[PDB]
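**Student:** model this:
(chains A, B and C, ligands or ions: 1)
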Amino acid sequence: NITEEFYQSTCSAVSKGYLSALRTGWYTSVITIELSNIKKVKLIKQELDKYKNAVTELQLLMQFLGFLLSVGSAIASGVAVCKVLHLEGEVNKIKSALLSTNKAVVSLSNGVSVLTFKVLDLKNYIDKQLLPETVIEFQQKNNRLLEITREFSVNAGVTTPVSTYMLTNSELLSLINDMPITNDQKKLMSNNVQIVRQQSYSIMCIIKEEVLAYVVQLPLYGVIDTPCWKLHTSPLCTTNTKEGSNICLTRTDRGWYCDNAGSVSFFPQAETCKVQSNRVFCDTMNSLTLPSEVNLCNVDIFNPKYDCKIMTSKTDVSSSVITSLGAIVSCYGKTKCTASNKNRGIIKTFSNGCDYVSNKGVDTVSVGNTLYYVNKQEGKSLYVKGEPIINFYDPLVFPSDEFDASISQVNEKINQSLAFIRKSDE
Amino acid sequence: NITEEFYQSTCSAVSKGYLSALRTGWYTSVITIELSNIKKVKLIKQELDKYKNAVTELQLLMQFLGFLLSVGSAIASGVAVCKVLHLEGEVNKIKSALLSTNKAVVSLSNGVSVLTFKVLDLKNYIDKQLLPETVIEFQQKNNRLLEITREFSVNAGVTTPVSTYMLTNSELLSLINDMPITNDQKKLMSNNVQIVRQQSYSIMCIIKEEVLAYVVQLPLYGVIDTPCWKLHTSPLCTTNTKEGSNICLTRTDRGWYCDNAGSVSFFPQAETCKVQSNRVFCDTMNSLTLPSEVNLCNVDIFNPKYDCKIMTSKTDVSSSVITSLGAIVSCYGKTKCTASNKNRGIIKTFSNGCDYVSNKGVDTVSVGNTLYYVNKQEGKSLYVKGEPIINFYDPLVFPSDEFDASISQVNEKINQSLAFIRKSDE
Amino acid sequence: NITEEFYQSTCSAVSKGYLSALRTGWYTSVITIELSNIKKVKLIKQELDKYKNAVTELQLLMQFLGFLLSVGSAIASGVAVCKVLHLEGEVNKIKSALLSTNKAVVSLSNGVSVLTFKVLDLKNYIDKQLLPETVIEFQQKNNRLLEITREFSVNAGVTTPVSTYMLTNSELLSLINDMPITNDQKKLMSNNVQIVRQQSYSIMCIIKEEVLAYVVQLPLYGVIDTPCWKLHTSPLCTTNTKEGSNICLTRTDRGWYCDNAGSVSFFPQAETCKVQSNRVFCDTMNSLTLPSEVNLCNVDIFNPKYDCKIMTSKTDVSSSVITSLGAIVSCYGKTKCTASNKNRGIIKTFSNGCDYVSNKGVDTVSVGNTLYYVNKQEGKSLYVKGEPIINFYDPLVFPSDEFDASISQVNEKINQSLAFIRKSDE
Ligand SMILES: Cc1ccc(O)c(Cn2c(NC3CCN(CCN)CC3)nc3c(C)cccc32)n1
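**Tutor:** Numbers count the residues shown, from 1 in each chain, chains lettered A, B, ... in the order given. Coordinates below:
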């Protein structure tokens, strides 16, 4: 199932065996709550005043390679719907369709078909029972309105993750079933609703004509079940005796990779992706589209089809990288890097250089004064032995500070340092 | 109103037409809640014990160019007030002035005039009605105390945004009216209270002599209605056939710019600023003070009055930048960059290079495997055609990795690469 | 007590006098809540249905030198315990020991001794009193279950800081006393429980056999009361008349330093550390282990025992750094940098260069259009006058863009710029 390979030659590891679940687009839906414009006998007297204060508040409300990523507007789609609800009659168009039912699709003015929902009916409640047991239904239906108000006030009207007050599980699962997507998307979203909530936006919209409206921006997973893999990289330095004469090298192309429509979506920020079992939930807005030949950098970093990105330095500090099925340890200098078991203690001492250890039998990794716990996910690891490529470079002609560089950029910068020695032969 | 210009020569865009609302200073106010030191008939028995537990908890509580920004202490002003409240008698000085009223100004010991507030009076409530209808007022007045306690415990005593429990809308708006500032500030803060909350701090202070105190740090908007504009920049690379031989260039001076007292405040992190309609709420602590000649970089990047900051690389990856009134697309390589309408599909395919499209008629922008929604704010855009300045450079003498550089730094580094060729003429 | 020294020669300051409280390891504990599998008289009718909905939800739930830091898995230890609770019989092993008591240690299958806790007993409550005063105990015991559910749903099952619903103060303090650590750790954690909460994780685990379980990951403070100090650095540029001909220099080794087992733990991100009085709560996962000779860079930056890290540029923009006992001001160009008192106004105007001022007598620092408040902590400051080291460099042979560099890297790069002039003598 989940496997992992470590490349001693490049001091990197690839955790493959995952499945994709990428957000490609958005789905907007207008959630409405009908309100009553109002102006045992004493319990409602103080609970109805919370209603007058929530409406009072809501009216005051409306009235390494990460630097290469694009800069988009996340809620640009949802706000594009709220500018339509501000139009005259566009509110009554929704209030008319949501008359005899709570779920109805309303074709808006600008050719936008939105799935509207009437999740709460306070107008039909305050005007039917609160005109001079039922205090329970009021104190509970009003409590949800207060909670929607609290989230929209301490967030300037944009909520994420979408809480159960903006959309209950019964409303959300019913909204997932009714929205028109494939059967694979419907069950993927239904089995991981808390992930859909974290990738969803609740946008305060308008209060007009006894109605509170707010758009719930939901993710569309156009890419499902395609192979994904996470690349872990660590510095690869030399281990010479005299400190300072050491040169380093680090693959900067680390992050989440997923096959996507002939190309490969690369997420340089592994926190934009979320792993549930072997499923990887990412957001394409934080991605880069790369040719599928980018995977060649793991096996052969010197391949001619893709220029693998690296960074160079002389800072040979020790660091560890907890991988999906093990840990990469870059031990340099006088650092004490060990790998220990829970009930037995230290089982391996890392020699100077970049080494690797699997989580099978290892519980913690110690580098210096820091203790790192390894992930105990079951999986098979593989150690691909090889000569560290940092030994292939001459330290005297090695560029000591390149960050947005690659294998070829370093090689093409070394060769014209060897043009200066064509004058040295005088 | 809101306009935008795109510069093809520099692959950048300027969204002008905004108004300023910058936080220049702070305003401290001590919010107090009087407590009763205590030690239908059974409802209060379990509600009064929440009071004993909240007080028990609170006693345990107290007892690109972003790297150029300054490093300040945000709550340095508010904490400077809490060290004054710990002084002996300084608590009783407040408890004495807040005797017959809830709002009173207390001149503190170190020459600090603070606007004190008694938002809740539990001592006057527990000692007047809870000694052996009113269970409502207790269960609601005590519920606010519990909520103030919950926020101060899960935040180590510092709360932002200031919730309605720390300061209700009635208390906040009354605190805004009573604080001594100009009439323009009072209405700006009163119409955007949820923005003031997000720029405010609630700092737990002290519990001494039956009183709970906490300072609410409020923003002062010394700069209002001055012109602001947001600069969007994208990489500008060459489109040669052989990949790798391409050189790139990107204006690093992007962010929010606002005219401010002869100079211009520059916010390199556009997330420190918040846009409501055409108003821009920024925080000067995340700003840089630049000469007003910085705006010359948009029209002429080679102007002699200001050295426009750029960064160079050979990484010609495709990226898009969703602007205020459109989108900038930097399409390089085999990437499929398109701009589509909602109900009609693709309307433009971007050729290789840096192009631009306005939101009038365009709903989405596709670059690679990513879909970006454009902001649908109404405004007039302008395409300033011009020769891309990256064509003016020779790739063989082009510095391939400069980040904290400028136009002159590149030109002064190219010329001494042309001193090496004065030896080449042998 | 708390002191501070400013180094004019290197434009840096060291705030010493602190004590350490570093998280070295974790402590896992399984928190359990027994549930009843169910399927004045009408109050429970709607409160018991919240119980059926919380269980319904939870079942859907489960079923500068910062780039040198390591990459670990924070909850790798806690999740390693939840994979053990999913084993058959491992749930009943816990449900058996927590029979006659609420606190009991359960030795798990994989040789893991965990301190289990039964914080809530709803099975013993619903099955003892809710089969056809007590509505109070139900509406309050059920309200905690709802709050644990709300946090676990809007956070995908991982909560931090651990709220009082996951673990009350009575349960937490009792869990701190019963866990086996030294007496110094027990009182350190008991006096700063809100800090322990912010460094703790609440991980949703399993619902099986009428039991809800979730692991609370607690910090272990293996390093206590060792000396700590925070290094503040600011750019140090030249003040030549013609702008652009100026060279800059900045010590990149800023952050929190703490003596730790012969070495020194360095935290380049000062936000990973938390200061309470003179105690510094850090997390070693965001640390680097450096030789104790790193402190030599403050007194003599040119010392031969450690290569002090610096960065160079030509960007002479003005910036300020609010220190622990004062403020560092780097005033360059036409910027107006002042230091003012509260009741008297400007008391010092900063000349061009890097200067410093103590908080004794100063309340604010103004640099450009920004107002910075100084921290008013009582302490003695010291101004170590010295020649700024930037004057020791020739601007014509000064590397204008080095970030991951040091004193020796610059000196070894200057000398081979002086090899090019051995050809200039022709
Ligand atoms: C080694 C390293 C590690 C992490 C880090 O954030 C940086 C900072 N940094 C540099 N490096 C500068 C400039 C280029 N080089 C200049 C050689 N003449 C080296 C010093 N280029 C950057 C780019 C392009 C984007 C974002 C950050 C960049 N460098």
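
**Student:** ok, the residue in the stretch 201-350 of chain A positioned nearest to chain B - contacts?
**Tutor:** Using CB to the nearest CB, the closest approach of the stretch 201-350 of chain A to chain B is made by residue A:289 at 2.7 Å. All C-beta atoms are positioned from the backbone trio N, CA, C, and that covers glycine. Neighbouring residues of residue A:289 by CB atoms under 8 Å, 6 or more residues apart in numbering or on different chains: A:260, A:263-266, B:318, B:335, B:367-370.

**Student:** I'd like the distance between it and chain C.
**Tutor:** 25 Å (CB to the nearest CB, to the nearest Å).

**Student:** does that residue lie in a helix or a strand, and which?
**Tutor:** Per DSSP states H and E, residue A:289 falls inside strand A:288-290.

**Student:** sheet partners, orientation included, of that strand?
**Tutor:** strand A:263-267 (antiparallel) (DSSP bridges).

**Student:** give me the residues contacting the partner strand.
**Tutor:** By CB under 8 Å, 6+ apart, strand A:263-267 touches A:22, A:65, A:223, A:253, A:255-258, A:273, A:282, A:284, A:286-292, A:294-295, B:368-370.

**Student:** among these, which ones are in strands?
**Tutor:** Per DSSP state E, strands hold the following members of the contacts of strand A:263-267: A:22, A:223, A:255-258, A:282, A:288-290, B:370.

**Student:** among the residues you listed, which one lies nearest to residue B:151?
**Tutor:** residue A:282 (32.7 Å; CB to CB).

**Student:** pull the number of nearby residues for the residue nearest to that closest one when sequence neighbours are not counted.
**Tutor:** The shortest distance from residue A:282 to any non-neighbouring residue, by CB to CB, 6 or more residues apart in numbering or on different chains, is to residue A:273 (4.1 Å). By other CB atoms under 10 Å in any protein chain shown, the residues close to residue A:273 number 22.

**Student:** need the three-state assignment for residue A:96.
**Tutor:** With DSSP: H, G, I helix; E, B strand; the rest coil as the basis, residue A:96 sits in helix.

**Student:** look up how far chain C lies from it.
**Tutor:** 32 Å.

**Student:** number of residues surrounding the residue nearest to the residue of the stretch 201-350 of chain A closest to chain B when sequence neighbours are not counted?
**Tutor:** Leaving aside its sequence neighbours, residue A:289 sits nearest to residue B:368 (CB to CB, 6+ apart; 2.7 Å). Around residue B:368 there are 26 other residues, counting by other CB under 10 Å.

**Student:** residue B:368 contacts residue B:334, correct?
**Tutor:** No - Residue B:368 is beyond contact range of residue B:334, at 9.7 Å (criterion: CB atoms under 8 Å).

**Student:** up against chain C, what does the stretch 151-300 of chain A have?
**Tutor:** A:161, A:163-164, A:169, A:191, A:193-195, A:197-198, A:232, A:244, A:274 (CB under 8 Å from any CB of the partner chain).

**Student:** one more time with 6 Å
**Tutor:** Residues of the stretch 151-300 of chain A lying close to chain C by CB under 6 Å from any CB of the partner chain are A:161, A:163, A:193-194.

**Student:** select only the buried ones of those in ChimeraX?
**Tutor:** To isolate the buried members of these in ChimeraX, using 16 or more other CB atoms under 10 Å in any protein chain shown:
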select /A:161,163,193,194
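
**Student:** from the residues of the stretch 151-300 of chain A next to chain C, which land in helices?
**Tutor:** A:193-194 (DSSP state H).

**Student:** let me have the residues of the stretch 151-300 of chain A next to chain C in a markdown table, adding distance to the ligand as columns.
**Tutor:** Shown next, in a markdown table, are those (distance: CB to the nearest ligand atom, whole Å):
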| residue | distance to the ligand |
| --- | --- |
| A:161 | 30 |
| A:163 | 36 |
| A:193 | 37 |
| A:194 | 34 |
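
**Student:** the ligand versus the residue nearest the centre of chain A, what's the distance?
**Tutor:** Centroid check for chain A by CA atoms, centre = their mean gives residue A:272 as the closest residue, at 2.2 Å. To the ligand, residue A:272 is 18 Å away according to CB to the nearest ligand atom, to the nearest Å.

**Student:** re the thing from before, farthest-separated two in the ones in strands among the contacts of strand A:263-267?
**Tutor:** Within the ones in strands among the contacts of strand A:263-267, A:223 and A:255 form the most distant pair, 16.3 Å apart (CB to CB).

**Student:** so if I had to pick from these two, which one is more boxed in?
**Tutor:** The neighbour count for residue A:223 versus residue A:255, taken as other CB under 10 Å, is higher for residue A:255 (25 against 20).

**Student:** tell me how far residue A:201 lies from residue B:364.
**Tutor:** To residue B:364, residue A:201 is 17 Å away according to CB to CB, to the nearest Å.

**Student:** okay, those two: which has more neighbours?
**Tutor:** residue A:201 (22 against 19).

**Student:** run through the residues that contact the more buried one.
**Tutor:** A:75, A:78, A:160, A:217 (CB atoms under 6 Å, 6 or more residues apart in numbering or on different chains).

**Student:** make it 8 Å
**Tutor:** Counted by CB under 8 Å, 6+ apart, residue A:201 has contacts A:74-75, A:78, A:158-160, A:162, A:216-217.

**Student:** about what we covered before: show me how far the strand holding residue A:289 is from its chain's centre.
**Tutor:** In terms of CA atoms, centre = their mean, to the nearest Å, the centre of strand A:288-290 is found 16 Å from the chain centre.

**Student:** C-terminal to that strand, what's the next element?
**Tutor:** As assigned by DSSP H and E, the chain's next helix or strand after strand A:288-290 is helix A:296-299.

**Student:** residue A:213 contacts residue A:93, correct?
**Tutor:** No - at 11.7 Å, residue A:213 and residue A:93 do not qualify as touching, with contact defined as CB under 8 Å.

**Student:** and the two? Which one has more around it.
**Tutor:** Applying other CB under 10 Å to residue A:213 and residue A:93 shows that residue A:213 carries more neighbours, namely 23 against 16.

**Student:** show me how to select, in ChimeraX, the buried members of the ones in strands among the contacts of strand A:263-267.
**Tutor:** Listed next is the ChimeraX selection for buried residues among the ones in strands among the contacts of strand A:263-267, using 16+ other CB under 10 Å:
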select /A:22,223,255,256,257,258,282,288,289,290 /B:370
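
**Student:** want to throw the ones in strands among the contacts of strand A:263-267 into TSV with distance to the ligand?
**Tutor:** Putting the ones in strands among the contacts of strand A:263-267 into TSV (distance: CB to the nearest ligand atom, whole Å) gives the following:
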residue	distance to the ligand
A:22	25
A:223	28
A:255	15
A:256	20
A:257	21
A:258	24
A:282	22
A:288	14
A:289	19
A:290	18
B:370	20
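
**Student:** including distance to residue B:205, could the ones in strands among the contacts of strand A:263-267 go into TSV?
**Tutor:** Converted to TSV, the ones in strands among the contacts of strand A:263-267 look like this (distance: CB to CB, whole Å):
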residue	distance to residue B:205
A:22	47
A:223	52
A:255	44
A:256	45
A:257	50
A:258	50
A:282	44
A:288	48
A:289	52
A:290	53
B:370	48
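
**Student:** so residue A:163 touches residue A:150, yeah?
**Tutor:** No - using CB under 8 Å, residue A:163 makes no contact with residue A:150, being 9.9 Å away.
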